[PDB]
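A.B. asks: Dropping a structure here in structure tokens format, bear with me for questions.
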Amino acid sequence: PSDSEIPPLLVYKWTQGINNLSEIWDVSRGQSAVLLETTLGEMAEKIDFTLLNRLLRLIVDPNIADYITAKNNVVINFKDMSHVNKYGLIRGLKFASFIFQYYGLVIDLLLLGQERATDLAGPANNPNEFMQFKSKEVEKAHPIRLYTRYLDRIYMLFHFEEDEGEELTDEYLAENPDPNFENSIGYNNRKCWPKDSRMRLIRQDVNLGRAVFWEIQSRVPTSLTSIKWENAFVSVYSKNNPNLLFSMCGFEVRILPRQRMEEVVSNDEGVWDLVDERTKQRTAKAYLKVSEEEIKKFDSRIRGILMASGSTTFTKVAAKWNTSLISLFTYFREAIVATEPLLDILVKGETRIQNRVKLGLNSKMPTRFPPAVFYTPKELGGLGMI
Amino acid sequence: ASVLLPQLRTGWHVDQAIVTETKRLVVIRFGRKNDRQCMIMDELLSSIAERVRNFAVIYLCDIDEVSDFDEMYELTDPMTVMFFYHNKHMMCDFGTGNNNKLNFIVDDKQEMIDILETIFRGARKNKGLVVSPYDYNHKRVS
Amino acid sequence: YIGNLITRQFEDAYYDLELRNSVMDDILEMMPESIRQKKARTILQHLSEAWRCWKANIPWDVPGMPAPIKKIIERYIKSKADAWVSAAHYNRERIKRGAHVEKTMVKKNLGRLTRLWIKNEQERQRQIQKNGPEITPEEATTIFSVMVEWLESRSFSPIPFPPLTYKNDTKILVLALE
Amino acid sequence: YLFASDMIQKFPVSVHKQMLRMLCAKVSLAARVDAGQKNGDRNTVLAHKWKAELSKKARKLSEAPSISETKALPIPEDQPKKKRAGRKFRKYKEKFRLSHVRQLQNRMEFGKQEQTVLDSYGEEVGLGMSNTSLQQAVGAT
Amino acid sequence: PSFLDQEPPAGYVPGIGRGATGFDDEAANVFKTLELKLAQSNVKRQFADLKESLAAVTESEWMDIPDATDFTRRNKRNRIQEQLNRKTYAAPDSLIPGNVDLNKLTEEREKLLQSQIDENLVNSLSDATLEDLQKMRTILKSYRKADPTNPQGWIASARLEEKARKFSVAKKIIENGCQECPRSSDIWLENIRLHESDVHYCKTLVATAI
């Protein structure tokens with residue numbers, strides 16, 4: 001995260017960027033854009049203090065760096081058990097954010113490459129804005145068009161021609177080869193969408209995505225971070241799949257233009273209209289859902305705030321669940337209207353409190369227990385539920 | 001259990017054990033002692049016994065050799081827990097519906113200490129029935 | 001119903017605890033000697049103490065314990081250990097599902113799964129220190145050359161140690177404290 | 001060097017520090033005895049009983065304390081707790097007692113929405129009636 | 001343990017002992033026979049054969065066992081964590097989230113920093129509530145109608161309802177107050193300040209003001 005864009009603004013600005021790339025949606029000649037999302041697993045746990053320490057000696061006075069690694073080496077204690085952390089970063093430290101993001105810059109430089117990362121950052125004197133390039137030529141130079149990293153999660157947007165895709169697929173099928181077409185097995189597309197929305201599986205696009213991911217995994221060392229296919233989501237926009245699927249900061253984003261729009265049905269409520277800067281018209285649209293992980297996190301917090309945690313009082317439960325659901329509706333906002341499954345978890349969970357408040361009053365089931373007690377400002381004595 | 005917790009042999013050990021102690025709070029239990037439900041309550045009442053020693057006290061009573069108090073206190077059950085203070089039955093209000101005895105297991109040591117403390121409070125205040133701080137409505141109500 | 005009615009009127013927490021009281025009954029029946037109650041108490045203390053030491057991942061070796069008693073204790077804490085690890089997981093999955101969970105069962109599961117997570121972590125520390133750093137000097141050479149080449153390409157002046165008198169110093173301290 | 005000796009490395013991980021300090025002490029003393037003794041007549045008995053002492057130290061520090069009888073809670077009896085008062089006791093008790101502004105924060109108005117500071121950490125903080133009406137309009141707290 | 005060792009003296013049928021409170025034959029045998037006719041681990045075994053392998057331990061070895069000695073020291077750490085959790089405290093009065101600002105905070109304490117060195121050499125508050133602003137409006141109506149001639153009467157309510165309403169309604173009651181006041185220049189200065197125009201209206205304000 002930067003100090004400017006909140007994660008939602010990172011999602012919106014990101015989609016606007018993909019839409020603002022030059023002729024990214026044209027598959028006519030065989031162009032295939034591949035957006036690879038993957039989380040870097042175990043990274044902060046496998047960070048090494050010697051390498052990390054030298055990389056810090058690059059940034060800062062080695063006194064500060066030796067303080068940092070010296071602080072990352074301490075005795076970690078839990079109840080009646082003690083050890084030392086020799087291997088891996090201690091996140092609870094305050095500078096652990098700077099260390100985390102910088103080591104993430106090491107892995108970024110490995111992913112992008114010296115020349116290409118130089119192309120994204122532009123001149124050091126006049127650093128370009130996020131997803132802004134000095135020229136369409138350097139935009140079209142390397143297969144990587146857009147790149148960004150949110151914590152462990154990394155987002156790499158590729159644009160290939162027919163010859164490029166055929167080359168990488170021929171290479172990864174040269175080292176790989178599996179004539180049984182098992183490449184469709186183990187592939188995990190985001191499953192929270194409605195069928196056709198989810199990207200279809202076609203051997204050329206699947207082998208394209210797995211080929212790119214294999215190039216990336218082979219590009220980044222193993223002893224640094226573990227990049228796993230089951231942790232990686234690879235979306236492929238091509239002549240086949242007119243859906244660009246990526247999960248950023250909890251938002252489930254599918255992107256479809258006006259070009260191929262006729263392939264599927266519009267989602268009506270809860271949508272974004274992506275506008276190009278050059279044409280000054282609406283080029284694409286991005287339909288959104290809430291990710292299954294964020295849904296499991298909300299249902300998680302409800303079951304934990306009610307079924308797991310009892311006793312206490314009423315106004316405290318209504319206030320805690322209240323601020324929880326306010327937090328979620330403020331972070332997701334419009335996507336809640338679009339996502340069907342969570343709108344049920346809302347009613348179910350919101351009913352769990354009324355049951356929790358009723359069954360706190362008495363053992364019997366109230367036939368009709370008036371909503372006016374739950375919904376009423378706390379100033380009047382009500383629970384203040386929203 | 002069956003180490004720290006004294007096991008009352010017969011109905012005379014039960015009766016006498018109840019009558020002797022004026023100061024402490026007599027906690028009697030009854031269970032088949034081979035049953036999982038009463039076994040858990042035993043292995044809880046060992047540590048609970050060590051904590052509540054100074055005021056309450058715990059006594060193991062199986063129903064094998066003693067059929068006497070079943071006809072009196074209406075005990076069949078997988079297990080039961082009886083309380084007595086000044087040789088008087090201490091009625092304990094849970095959300096189970098049975099105020100006399102508790103047939104349900106509790107999983108929290110600090111909780112069990114809390115309800116023993118509570119019935120000890122009402123006991124000294126001489127109240128026949130004391131309201132347990134917790135509910136146990138939906139928990140067991142067996 | 002009615003039959004048993006007139007008849008009577010006219011007259012896993014289970015699994016692990018059963019594993020413990022089972023061994024307490026076995027040891028209880030081992031030697032029926034004198035002062036067997038005190039021995040049962042001390043052996044119970046060795047039993048729960050041993051289980052706590054395994055929970056703390058610490059060698060429990062006692063120089064004065066007899067070999068077969070040490071063996072039966074290790075066997076117990078190994079089986080109890082297996083039901084403990086498997087239970088801490090299966091219950092965790094039941095919590096992620098949200099089907100049936102007990103209010104202090106989720107807490108005890110937090111504790112147990114915690115202790116096994118710390119155990120796995122410090123086990124990883126012991127292994128990494130055992131076989132040395134995973135990073136090879138070739139990989140470190142390449143990646144460090146990449147970072148250095150980047151900082152040189154960007155011409156990045158390194159961050160100095162904070163001076164004795166720094167301009168924004170007091171405001172930075174304010175930001176930290178707030 | 002001495003930390004690599006068997007005398008240390010044989011005992012568990014917790015005792016290496018004490019065995020290091022005591023060990024270095026006994027090594028200094030032993031070398032001083034060897035420096036005091038002639039080359040012809042030397043006796044190892046001193047370092048022998050010192051080695052026995054270090055063994056006793058390591059075994060005692062290795063053996064943990066026996067479990068105490070579990071401390072029982074006090075009998076749940078209510079007491080008047082007397083009264084006290086005074087500058088001494090009003091300071092020490094003053095750090096514990098909720099202050100007047102904390103009480104005013106615990107008081108919340110009936111009709112109007114109470115004044116609420118939303119912290120960057122959380123929005124749940126109300127100020128209750130702690131601020132006067134006029135004060136609440138100007139918003140200077 | 002005394003009553004346990006005393007043994008029962010035959011029996012007292014204890015039901016009546018302490019005064020406890022309760023809150024053909026061939027036929028029976030036949031129906032019992034009818035009920036009859038109509039009604040018709042491993043690791044523990046390892047514990048058992050290990051129990052059999054125990055036999056090598058002599059009683060003289062039994063009399064000596066290293067009891068207790070808890071190696072986790074959860075007794076001490078339990079005592080310390082207990083000492084830490086006994087009491088808590090009340091938060092000081094500086095934690096009421098007024099926070100002032102990092103301006104008065106920083107420029108306040110940086111001069112203290114410079115002093116020590118030389119010796120060694122609306123905020124986040126919720127929106128103003130309408131009823132409260134109604135009390136404001138009534139109170140200031142009273143303080144205005146007290147003396148209309150007081151300039152600080154329309155200036156105090158001027159700024160003071162100017163913060164609440166923020167709008168040209170408060171600005172208008174300020175202007176009417178300037179119509180009542182005029183002989184005082186301060187109400188005209190604050191008047192011009194509370195009006196925003198470069199030329200059109202404010203130059204007329206200056207004209208009337210002079």
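Numbering starts fresh at 1 for the residues of each chain in the structure tokens, the chains themselves are lettered A, B, ... in the order given, and ligands are numbered from 1 as they appear.
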Could you give me, as a Markdown table, every chain A residue with an atom at most 9 Å from chain E, plus its closest atom pair and distance in Å to one decimal, counting only C-alpha atoms, rows ordered by chain then number?
C.D. replies:
| residue | atom | partner | partner_atom | distance |
| --- | --- | --- | --- | --- |
| A:79 | CA | E:74 | CA | 8.2 |
| A:80 | CA | E:72 | CA | 5.4 |
| A:81 | CA | E:72 | CA | 7.6 |
A.B. asks: Using only C-alpha atoms and a distance of at most 7 Å, pull out the residues of chain E that contact chain C, as a list in words.
C.D. replies: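 Going by the stated atoms only, the list reads residues 47, 48, 50, 51, 53, 54, 65, 66, 67, 68, 70, 72, 106 and 110 of chain E.
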A.B. asks: Restricting it to N, CA, C and O atoms, dump the selection as a PDB file, in the first residue's frame.
C.D. replies:
ATOM      1  N   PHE E  47      -0.890 -51.009  27.294  1.00  0.00           N
ATOM      2  CA  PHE E  47      -0.684 -50.567  28.667  1.00  0.00           C
ATOM      3  C   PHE E  47      -0.637 -51.762  29.614  1.00  0.00           C
ATOM      4  O   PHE E  47       0.032 -51.716  30.653  1.00  0.00           O
ATOM      5  N   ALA E  48      -1.325 -52.848  29.255  1.00  0.00           N
ATOM      6  CA  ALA E  48      -1.382 -54.013  30.132  1.00  0.00           C
ATOM      7  C   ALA E  48      -0.106 -54.842  30.049  1.00  0.00           C
ATOM      8  O   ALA E  48       0.410 -55.298  31.076  1.00  0.00           O
ATOM      9  N   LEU E  50       2.803 -53.726  28.962  1.00  0.00           N
ATOM     10  CA  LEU E  50       3.819 -52.886  29.587  1.00  0.00           C
ATOM     11  C   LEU E  50       3.716 -52.950  31.106  1.00  0.00           C
ATOM     12  O   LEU E  50       4.736 -53.024  31.805  1.00  0.00           O
ATOM     13  N   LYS E  51       2.491 -52.930  31.635  1.00  0.00           N
ATOM     14  CA  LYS E  51       2.263 -53.211  33.047  1.00  0.00           C
ATOM     15  C   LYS E  51       2.867 -54.537  33.483  1.00  0.00           C
ATOM     16  O   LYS E  51       3.346 -54.640  34.617  1.00  0.00           O
ATOM     17  N   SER E  53       5.551 -55.796  31.921  1.00  0.00           N
ATOM     18  CA  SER E  53       6.987 -55.561  31.827  1.00  0.00           C
ATOM     19  C   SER E  53       7.464 -54.730  33.010  1.00  0.00           C
ATOM     20  O   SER E  53       8.671 -54.544  33.201  1.00  0.00           O
ATOM     21  N   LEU E  54       6.521 -54.220  33.804  1.00  0.00           N
ATOM     22  CA  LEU E  54       6.881 -53.456  34.996  1.00  0.00           C
ATOM     23  C   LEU E  54       7.521 -54.342  36.058  1.00  0.00           C
ATOM     24  O   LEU E  54       8.290 -53.863  36.901  1.00  0.00           O
ATOM     25  N   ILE E  65      10.818 -42.368  44.505  1.00  0.00           N
ATOM     26  CA  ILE E  65      10.399 -41.823  43.218  1.00  0.00           C
ATOM     27  C   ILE E  65      10.621 -40.314  43.226  1.00  0.00           C
ATOM     28  O   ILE E  65      10.374 -39.653  44.245  1.00  0.00           O
ATOM     29  N   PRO E  66      11.085 -39.753  42.176  1.00  0.00           N
ATOM     30  CA  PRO E  66      11.265 -38.285  42.111  1.00  0.00           C
ATOM     31  C   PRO E  66       9.946 -37.552  41.896  1.00  0.00           C
ATOM     32  O   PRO E  66       9.563 -37.179  40.781  1.00  0.00           O
ATOM     33  N   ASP E  67       9.225 -37.333  42.989  1.00  0.00           N
ATOM     34  CA  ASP E  67       7.909 -36.714  42.907  1.00  0.00           C
ATOM     35  C   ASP E  67       7.999 -35.246  42.504  1.00  0.00           C
ATOM     36  O   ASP E  67       8.973 -34.549  42.804  1.00  0.00           O
ATOM     37  N   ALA E  68       6.961 -34.785  41.803  1.00  0.00           N
ATOM     38  CA  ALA E  68       6.716 -33.366  41.515  1.00  0.00           C
ATOM     39  C   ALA E  68       7.878 -32.810  40.692  1.00  0.00           C
ATOM     40  O   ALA E  68       8.240 -33.421  39.677  1.00  0.00           O
ATOM     41  N   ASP E  70       8.035 -29.721  38.854  1.00  0.00           N
ATOM     42  CA  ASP E  70       7.467 -29.297  37.576  1.00  0.00           C
ATOM     43  C   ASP E  70       8.509 -28.478  36.823  1.00  0.00           C
ATOM     44  O   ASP E  70       9.013 -27.472  37.322  1.00  0.00           O
ATOM     45  N   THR E  72       8.188 -26.844  33.994  1.00  0.00           N
ATOM     46  CA  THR E  72       7.706 -25.663  33.293  1.00  0.00           C
ATOM     47  C   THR E  72       7.680 -24.426  34.179  1.00  0.00           C
ATOM     48  O   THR E  72       7.566 -23.315  33.651  1.00  0.00           O
ATOM     49  N   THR E 106       3.204  19.454  18.803  1.00  0.00           N
ATOM     50  CA  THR E 106       4.586  19.516  18.325  1.00  0.00           C
ATOM     51  C   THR E 106       5.233  20.859  18.638  1.00  0.00           C
ATOM     52  O   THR E 106       6.287  20.909  19.276  1.00  0.00           O
ATOM     53  N   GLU E 110       8.362  21.055  21.195  1.00  0.00           N
ATOM     54  CA  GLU E 110       9.646  21.261  20.534  1.00  0.00           C
ATOM     55  C   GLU E 110      10.366  22.464  21.124  1.00  0.00           C
ATOM     56  O   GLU E 110      11.601  22.537  21.093  1.00  0.00           O
TER      57      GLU E 110
END
A.B. asks: What residues in chain C have any atom no more than 9 Å from chain B when counting only C-alpha atoms, and can you write them as a PyMOL selection string?
C.D. replies: chain C and resi 13-15+17-18+21+37-38+40-41+44+102+104-105
A.B. asks: Please return, as a count of residues only, all residues of chain E lying within 8 Å of chain D when only C-alpha atoms are considered.
C.D. replies: 30
A.B. asks: Smallest atom-to-atom distance to residue B:26: which of B:9, B:51, B:89, B:121, using only C-alpha atoms?
C.D. replies: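 For residue B:26, the nearest of the candidates is B:89.
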A.B. asks: Quick one: which residues from chain B are at most 8 Å off chain D, using only C-alpha atoms, as a ChimeraX atom specification?
C.D. replies: /B:50-55,117,120-121
A.B. asks: Just want the 10 Å neighbourhood of residue E:15, counted on only C-alpha atoms, with same-chain residues fewer than 2 positions away dropped. Output as an NGL selection string.
C.D. replies: (:B and (11-12 or 15 or 68-73)) or (:E and (12-13 or 17-22))
A.B. asks: Could you check which of D:92, D:128, D:5, D:41 is closest to residue A:378, using only C-alpha atoms?
C.D. replies: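 Closest residue, counting only C-alpha atoms: D:128.
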A.B. asks: Given the choices A:376, A:289, A:29, A:310, which gets closest to chain B if the distance is worked out from only C-alpha atoms?
C.D. replies: A:310
A.B. asks: Would you compute the distance between atom CA of residue A:273 and atom CA of residue A:256? Give it in Å to one decimal.
C.D. replies: 9.9 Å
A.B. asks: Rank nothing, just name the residue among B:94, B:136, B:30, B:59 nearest to chain E, using only C-alpha atoms.
C.D. replies: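 Between B:94, B:136, B:30, B:59, the residue approaching chain E most closely is B:59.
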A.B. asks: Can you tell me how far atom CA of residue A:203 sits from atom CA of residue A:146, in Å to one decimal?
C.D. replies: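 Value for the atom CA of residue A:203-atom CA of residue A:146 distance: 25.0 Å.
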A.B. asks: Can you list, as a PyMOL selection string, all residues belonging to chain D that DSSP tags as strand (DSSP E)?
C.D. replies: chain D and resi 115-116+126-128
A.B. asks: Tell me which protein, DNA and RNA residues are within 9 Å of stretch 227-237 of chain A, counting only C-alpha atoms, leaving out same-chain ones fewer than 6 positions away, and put them as a ChimeraX atom specification.
C.D. replies: /A:25,27,31-41,186-190,199,205-206,208-210,213-214,216-217,220,243-247
A.B. asks: Go ahead and dump the residues you just picked, C-alpha atoms, as an mmCIF file, in the first residue's frame.
C.D. replies:
data_model
loop_
_atom_site.group_PDB
_atom_site.id
_atom_site.type_symbol
_atom_site.label_atom_id
_atom_site.label_comp_id
_atom_site.auth_asym_id
_atom_site.auth_seq_id
_atom_site.Cartn_x
_atom_site.Cartn_y
_atom_site.Cartn_z
ATOM 1 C CA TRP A 25 -8.363 -6.106 -25.229
ATOM 2 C CA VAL A 27 -7.475 -10.612 -29.498
ATOM 3 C CA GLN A 31 -3.037 -11.383 -28.559
ATOM 4 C CA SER A 32 -3.484 -12.922 -25.115
ATOM 5 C CA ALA A 33 -3.309 -10.942 -21.877
ATOM 6 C CA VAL A 34 -2.497 -13.053 -18.812
ATOM 7 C CA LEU A 35 -3.036 -11.534 -15.373
ATOM 8 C CA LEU A 36 -1.172 -13.617 -12.797
ATOM 9 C CA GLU A 37 -2.162 -13.097 -9.164
ATOM 10 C CA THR A 38 -0.154 -14.956 -6.569
ATOM 11 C CA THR A 39 0.559 -14.629 -2.880
ATOM 12 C CA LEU A 40 4.156 -15.142 -1.769
ATOM 13 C CA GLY A 41 3.830 -17.882 0.815
ATOM 14 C CA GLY A 186 -4.914 -28.704 -10.337
ATOM 15 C CA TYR A 187 -5.716 -25.429 -12.090
ATOM 16 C CA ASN A 188 -7.826 -23.332 -9.719
ATOM 17 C CA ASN A 189 -9.886 -20.568 -11.238
ATOM 18 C CA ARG A 190 -11.785 -18.313 -8.868
ATOM 19 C CA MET A 199 -12.755 -18.370 -17.177
ATOM 20 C CA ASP A 205 -4.819 -20.762 -22.575
ATOM 21 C CA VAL A 206 -4.228 -23.150 -19.667
ATOM 22 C CA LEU A 208 -0.202 -20.363 -21.557
ATOM 23 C CA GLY A 209 -0.951 -19.484 -17.939
ATOM 24 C CA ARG A 210 0.926 -22.436 -16.472
ATOM 25 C CA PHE A 213 3.736 -19.028 -14.014
ATOM 26 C CA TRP A 214 6.480 -21.592 -14.587
ATOM 27 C CA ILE A 216 8.055 -16.722 -12.992
ATOM 28 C CA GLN A 217 8.546 -19.492 -10.423
ATOM 29 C CA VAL A 220 12.468 -16.301 -8.477
ATOM 30 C CA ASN A 243 -13.230 -12.342 -18.607
ATOM 31 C CA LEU A 244 -10.369 -10.787 -16.668
ATOM 32 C CA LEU A 245 -10.527 -12.259 -13.158
ATOM 33 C CA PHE A 246 -8.424 -10.992 -10.269
ATOM 34 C CA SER A 247 -8.784 -10.704 -6.502
#
A.B. asks: Find the nearest atom pair between each residue of chain A and chain B for residues within 12 Å, count only C-alpha atoms, give distances in Å to one decimal, sort rows by chain and ascending number, and present the table as JSON lines.
C.D. replies:
{"residue": "A:307", "atom": "CA", "partner": "B:138", "partner_atom": "CA", "distance": 11.4}
{"residue": "A:310", "atom": "CA", "partner": "B:134", "partner_atom": "CA", "distance": 10.0}
{"residue": "A:311", "atom": "CA", "partner": "B:134", "partner_atom": "CA", "distance": 7.6}
{"residue": "A:312", "atom": "CA", "partner": "B:134", "partner_atom": "CA", "distance": 10.5}
{"residue": "A:355", "atom": "CA", "partner": "B:138", "partner_atom": "CA", "distance": 11.8}
{"residue": "A:356", "atom": "CA", "partner": "B:138", "partner_atom": "CA", "distance": 11.1}
{"residue": "A:359", "atom": "CA", "partner": "B:137", "partner_atom": "CA", "distance": 8.6}
{"residue": "A:360", "atom": "CA", "partner": "B:135", "partner_atom": "CA", "distance": 8.5}
{"residue": "A:361", "atom": "CA", "partner": "B:135", "partner_atom": "CA", "distance": 10.4}
{"residue": "A:362", "atom": "CA", "partner": "B:137", "partner_atom": "CA", "distance": 9.0}
{"residue": "A:363", "atom": "CA", "partner": "B:137", "partner_atom": "CA", "distance": 6.4}
{"residue": "A:364", "atom": "CA", "partner": "B:137", "partner_atom": "CA", "distance": 9.8}
{"residue": "A:365", "atom": "CA", "partner": "B:138", "partner_atom": "CA", "distance": 11.9}
A.B. asks: What residues in chain A lie within 6 Å of chain C, counting only C-alpha atoms, written as a CSV table (one decimal) with N, CA, C and O atoms, in the first residue's frame?
C.D. replies:
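File written: iface-v3.csv
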chain,number,residue,atom,x,y,z
A,59,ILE,N,20.8,0.2,2.3
A,59,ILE,CA,19.9,1.3,2.5
A,59,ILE,C,20.4,2.3,3.5
A,59,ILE,O,20.4,3.5,3.3
A,60,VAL,N,20.8,1.8,4.7
A,60,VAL,CA,21.0,2.6,5.9
A,60,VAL,C,22.4,2.4,6.4
A,60,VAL,O,23.1,1.5,6.1
A,61,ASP,N,22.7,3.3,7.4
A,61,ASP,CA,23.9,3.2,8.2
A,61,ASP,C,23.9,1.8,8.8
A,61,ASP,O,22.9,1.4,9.5
A,81,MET,N,7.0,-22.1,27.4
A,81,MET,CA,7.9,-22.6,26.3
A,81,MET,C,8.6,-21.4,25.7
A,81,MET,O,8.0,-20.3,25.5
A,124,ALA,N,14.8,8.2,-12.5
A,124,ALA,CA,14.8,8.5,-11.1
A,124,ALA,C,14.6,10.0,-10.8
A,124,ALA,O,14.1,10.3,-9.7
A,223,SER,N,14.8,-20.5,-2.1
A,223,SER,CA,15.2,-20.2,-0.8
A,223,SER,C,14.7,-18.8,-0.3
A,223,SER,O,14.8,-18.5,0.9
A,308,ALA,N,-19.2,-18.2,19.7
A,308,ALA,CA,-18.0,-18.5,20.5
A,308,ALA,C,-17.9,-17.7,21.7
A,308,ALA,O,-17.4,-18.2,22.8
A.B. asks: Set the distance at 12 Å and use only C-alpha atoms: which residues neighbour residue B:74 once local chain neighbours fewer than 6 positions away are removed? I'd like the list as a PyMOL selection string.
C.D. replies: (chain B and resi 30+67-68+80+82+98+100-101+103) or (chain C and resi 8-9) or (chain E and resi 21-23)
A.B. asks: At a cut-off of 9 Å, list the chain A residues touching chain D, using only C-alpha atoms, as a short mmCIF file (atom, residue, chain, number, x, y, z; two decimals) with N, CA, C and O atoms, in the first residue's frame.
C.D. replies:
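So part.cif came out as:
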data_model
loop_
_atom_site.label_atom_id
_atom_site.label_comp_id
_atom_site.auth_asym_id
_atom_site.auth_seq_id
_atom_site.Cartn_x
_atom_site.Cartn_y
_atom_site.Cartn_z
N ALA A 319 -22.90 -3.24 19.86
CA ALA A 319 -21.92 -2.25 19.42
C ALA A 319 -20.75 -2.90 18.70
O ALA A 319 -20.22 -2.35 17.73
N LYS A 320 -20.33 -4.08 19.16
CA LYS A 320 -19.20 -4.76 18.53
C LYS A 320 -19.59 -5.32 17.17
O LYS A 320 -18.91 -5.07 16.16
N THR A 323 -20.11 -2.29 14.83
CA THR A 323 -18.93 -1.68 14.23
C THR A 323 -18.25 -2.64 13.26
O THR A 323 -17.60 -2.21 12.30
N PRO A 377 -31.79 4.23 18.37
CA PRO A 377 -30.49 4.79 18.74
C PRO A 377 -30.14 4.50 20.19
O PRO A 377 -31.01 4.51 21.06
N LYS A 378 -28.85 4.24 20.45
CA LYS A 378 -28.43 3.88 21.80
C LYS A 378 -28.78 4.97 22.81
O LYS A 378 -28.91 4.70 24.01
N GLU A 379 -28.96 6.20 22.33
CA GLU A 379 -29.31 7.30 23.21
C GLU A 379 -30.69 7.10 23.83
O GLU A 379 -30.96 7.55 24.94
N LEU A 380 -31.58 6.43 23.10
CA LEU A 380 -32.92 6.19 23.62
C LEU A 380 -32.97 4.92 24.46
O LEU A 380 -34.01 4.60 25.05
N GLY A 381 -31.87 4.18 24.51
CA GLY A 381 -31.83 2.97 25.31
C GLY A 381 -31.86 1.69 24.49
O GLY A 381 -31.66 0.60 25.03
#
A.B. asks: DSSP on the backbone: what in stretch 4-176 of chain C comes out alpha helix (DSSP H), as a PyMOL selection string?
C.D. replies: chain C and resi 4-9+13-30+36-55+67-97+105-131+137-154+169-176
A.B. asks: In Å, with one decimal, what is the gap from atom CA of residue D:61 to atom CA of residue D:47?
C.D. replies: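 Calculated distance between atom CA of residue D:61 and atom CA of residue D:47 is 20.5 Å.
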